[PDB]
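Every number in this text was worked out from the coordinates using simple rules, so none of it is lab data. Reconstructed Cβ throughout: ideal geometry from the backbone, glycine too, with neighbour counts over all protein chains shown.
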Protein chains: 2
Amino acid sequence: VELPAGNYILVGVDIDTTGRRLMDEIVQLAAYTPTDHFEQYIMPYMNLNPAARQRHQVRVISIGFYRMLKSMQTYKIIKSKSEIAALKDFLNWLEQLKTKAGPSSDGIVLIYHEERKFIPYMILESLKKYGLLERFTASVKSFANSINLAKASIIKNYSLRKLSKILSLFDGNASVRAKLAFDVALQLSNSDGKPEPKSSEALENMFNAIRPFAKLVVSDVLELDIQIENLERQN
Amino acid sequence: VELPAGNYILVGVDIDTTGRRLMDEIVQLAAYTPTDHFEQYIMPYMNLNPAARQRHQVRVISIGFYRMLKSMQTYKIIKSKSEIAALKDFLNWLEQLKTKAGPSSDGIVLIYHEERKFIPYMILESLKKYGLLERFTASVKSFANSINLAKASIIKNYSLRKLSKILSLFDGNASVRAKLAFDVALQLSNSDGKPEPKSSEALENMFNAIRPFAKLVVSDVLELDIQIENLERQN
């Protein structure tokens, strides 16, 4: 246990990418709270690999010398921004969130849900890329994988949509998974299928349930730096 | 005249791009001094347009879901970096340059050569994109178009390679043009076909010849902000 007790804002988060390795790129960044959500598509330098195209149902098309994202469900063009502009929007969103919580807020805990740690590494890598890590840490204090709650309430492997249906939308979309990660964690932490997301005790139960798994940003950065040191040598 | 007198480092600069509009992207950034040069290819999000491909003899190819630059002269792959990483290398290069000049240096004057002002706007836009403008201004104090020297020594339109041959390599390459812009300005400012680039007086003649056309970085940023305000409305 390394995240000290306090008054935190709980925020679900997830990402869509061109692949499942640290060298790949974020294509959508999404975050969620019951009263506020954020999502932004990001234009990659490369194209999504076959598995990523199928997973997210998004691909890159070319029109002459221009490239742009396209939905494989609606067949409509997807408006996107650069990675830096999307991150600056994300940081502003995190900051107005901590602001709205008042001077008693100790920061934000980003909650993600996955078997193989990936989401926090990719986000921290993109922040580190542009020198935004210091600004980020002013708002966010920890990433916390909520999958451990699911492991304690089970049954080996169960997806998010699988857990949500049991405890009670296209899950290839990061914005859908950011909501699911939050709600599933709120349900499991309260032993309730329909908890009140605006209830002080419900959110307090949620925080205390995930706190043992919450890592400080500094801790994940060190894990990130190590994983990057290996790929550079193992290349 | 807005650049005050002082002890400056003169540096030729030029860029290769996907097009000739502020919405396009830098594909190579290059700078030059007689004893030190910098050049880095940059991976664009879009492809180069037909005119840009012909001009620089570089294009983007796809290998599966990967994209990469390729030389249309050598047919070999061109290693490239992201725009942010290239800029950070560029800033470090500018800084070790001002460092090597000692504590008496007043900064760097970037010298470019073109009829239609473009080079400074593109570089400043990319710096502003990543929040590097403040760091940039610590080393560089002005962009200065040396084409006015050529206009005074002529004859309407003469290219760089044209002037160099008269006063005395593929000019689609930004690194070749960065050298030419410097040498032509050194030749014209000294009324000499073979001036000594390590001569204190030769460099002093060069600086004083271009000083009347040297704009402060702040002045070009304001011009940049205006040009961007027009395109957003004229879109």
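Laid out as a table, the results:
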quantity: Nearest-first distances (nm) between copies at B:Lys162, label 7 Å from Cα via Cβ; calculated: 7.1
quantity: For the protein assembly as shown, with +1 on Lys and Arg beta carbons and -1 on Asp and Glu, the positive-most of B:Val140, B:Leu87, A:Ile155 along the dipole; calculated: A:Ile155
quantity: By average C-beta atoms within 10 angstrom, highest first, the peptides A:22-29, B:214-221, A:228-235, A:11-18; calculated: A:11-18, A:22-29, B:214-221, A:228-235
quantity: Global geometry of the stretch A:90-146, whether rounded, prolate or oblate, following the gyration tensor of its Cα atoms and the 1.5 cut on a/c; calculated: oblate
quantity: Share of pairwise Cα separations in the stretch B:180-235, more than 14 Å, in percent; calculated: 63 percent
quantity: Inter-centroid distance (Cα atoms) of the stretch A:150-209 relative to the stretch A:1-65, Å; calculated: 19 Å
quantity: Radius ratio Rg over Rh of the stretch B:1-91, counting only Cα atoms, Kirkwood formula for Rh; calculated: 1.06
quantity: Using a 7 Å Cα-to-Cβ projection, A:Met23 label spacings across copies, nm, ascending; calculated: 3.4
quantity: Cβ-placed point charges (K, R +1; D, E -1), dipole of the stretch B:126-235 about Cα centre in debye, nearest 20; calculated: 320 debye
quantity: Per-copy distances of the B:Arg55 label point, shortest first, in nm (7 angstrom along Cα→Cβ); calculated: 3.9
quantity: Mean ellipticity per residue at 222 nm, deg cm²/dmol - from DSSP H runs of n ≥ 4 across chain B, formula -39500 (n - 2.57); calculated: -13500 deg cm²/dmol
quantity: Chain A, dipole about Cα centre (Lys/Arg Cβ +1, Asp/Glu Cβ -1), debye to the nearest 20; calculated: 860 debye
quantity: Estimated FRET transfer efficiency (B:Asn7, A:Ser191; beta-carbon r; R0 60 Å; 0.05); calculated: 0.25
quantity: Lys pairs under 22 Å by Cα in the stretch A:122-235, provided they are eight or more residues apart or on distinct chains; calculated: 21
quantity: Karplus-derived 3J(HN,Hα), 6.51/-1.76/1.60, for each residue of the stretch B:120-136, Hz, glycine and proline x; calculated: x, 5, 5, 5, 5, 5, 5, 5, 3, 4, 10, x, 9, 5, 4, 4, 4
quantity: Size of electric dipole in the stretch A:18-80: Cβ of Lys, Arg +1 and of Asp, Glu -1, about Cα centre, debye, nearest 20; calculated: 320 debye
quantity: Rounded D (µm²/s) - the stretch B:56-156, Kirkwood Rh over Cα pairs, Stokes-Einstein at 20 °C, 1.002 mPa s; calculated: 130 µm²/s
quantity: The protein assembly as shown: mean projected area of Cα convex hull, nm²; calculated: 26.8 nm²
quantity: Three-way shape call for the stretch B:81-235 based on the alpha-carbon gyration tensor, with the a/c threshold at 1.5; calculated: oblate
